[PDB]
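Descriptive structure summary
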Amino acid sequence: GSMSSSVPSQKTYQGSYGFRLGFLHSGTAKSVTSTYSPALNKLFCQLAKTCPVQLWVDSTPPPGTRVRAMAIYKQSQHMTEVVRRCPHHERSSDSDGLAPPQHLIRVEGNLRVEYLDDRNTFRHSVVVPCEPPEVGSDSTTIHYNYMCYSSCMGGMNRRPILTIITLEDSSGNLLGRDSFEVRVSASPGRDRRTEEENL
Ligand SMILES: *C[C@@H](C)C(=O)n1cc(C=O)c2c(-c3ccc(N4CCN(C)CC4)cc3)cccc21
Ligand SMILES: [Mg+2]
Ligand SMILES: [Mg+2]
Ligand SMILES: [Zn+2]
């Protein structure tokens, strides 16, 4: 589809503030809508359901810090192809009004969400202000939504993707980076259990 002339770095970088991702320990029951496999570093989730991702730091980042999410294809031969929604779902107009219909990754429950189509790389990303934990809480959670199945033909087309989360300062400079593989399917609990059986 759309071809980029670069590939974003995937290098894990904790940085000065000790940035890393956390996930709920949800298990693999049929009722789960998302579940994270530490052994695979892979999130399994359902189409358009909340995926809570925790942002952990050892120190408070400076004011105006933001958190960006971006998807890339995992396999080398696909990495320069921009990850985007399939034609069916793009023309489906199931947007909450804020998200571009071509974007795979949305953030829910945040009215300060900002979406970027990069003018040079053509990649899509979604960025929100990074907030410290709420009173009583230990971490900051962001609720992501994946708006296509991994099997959507004409979009991901059964190709595995990586989601890259970056902490950036107000000017856009990199403060930290982490990532995880994603599979979007109708049965994440079963898919995780099955893929873990095959290690
Ligand atoms: C923008 C976002 C990354 C942020 O500002 N942020 C995230 C977190 C935590 O996830 C933040 C804290 C924070 C960090 C750690 C703790 N705990 C207390 C006890 N636990 C077990 C270990 C450390 C609490 C709060 C603070 C400020 C920002 C922040
Ligand atoms: Mg990790
Ligand atoms: Mg090729
Ligand atoms: Zn789709």
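Looking at the entry header, you'll see X-ray crystallography listed as the method and 1.98700696061 Å as the resolution.

The strand order 1-4-9-6 describes an open sheet built from four strands, whose pairing is antiparallel. Looking at which strands have only one partner, the edges of the open sheet turn out to be strand 1 (20–23) and strand 6 (105–107). Direction aside, the axes of adjacent strands within the sheet are offset by 40° on average. Taken together, the three bridges between strand 6 and strand 9 (residues 140–146) define a ladder with antiparallel strand orientation. The residue of strand 9 that forms the bridge with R106 is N145.

A few words on the UniProt feature "binding site: Zn(2+)" in the protein. As annotated in UniProt, the feature "binding site: Zn(2+)" corresponds to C86, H89, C148 and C152 in the numbering used here. A maximum C-alpha distance of 8.9 Å places the annotated residues, which cover 67 residues in sequence, within one compact spot. Its place among the elements puts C86 in the loop between strand 5 (66–73) and helix 1 (87–90). For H89, the location among the structural elements is in helix 1. With a relative accessible area of 12%, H89 lands in the buried category. In contact with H89, not counting residues within four places along its chain, are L47, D94, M147, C148 and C152.

So, how was this worked out
Residues numbered from 1 in each chain as written, not as in the entry; some residues may be left out. Chains lettered and ligands numbered in written order. Heavy atoms only, no water. Pairing = 2+ DSSP bridges. Helix = DSSP H or I, 4+ residues; strand = E, 2+ residues; numbered from the N terminus. Axes fitted to C-alpha atoms, helices over the stretch in contact; angles between N-to-C directions. UniProt positions renumbered as here; feature names shortened; annotations may be inferred. Buried < 20%, exposed > 50% of the residue type's maximum accessible area, 1.4 Å probe, protein only. Contact = heavy atoms within 4.5 Å.

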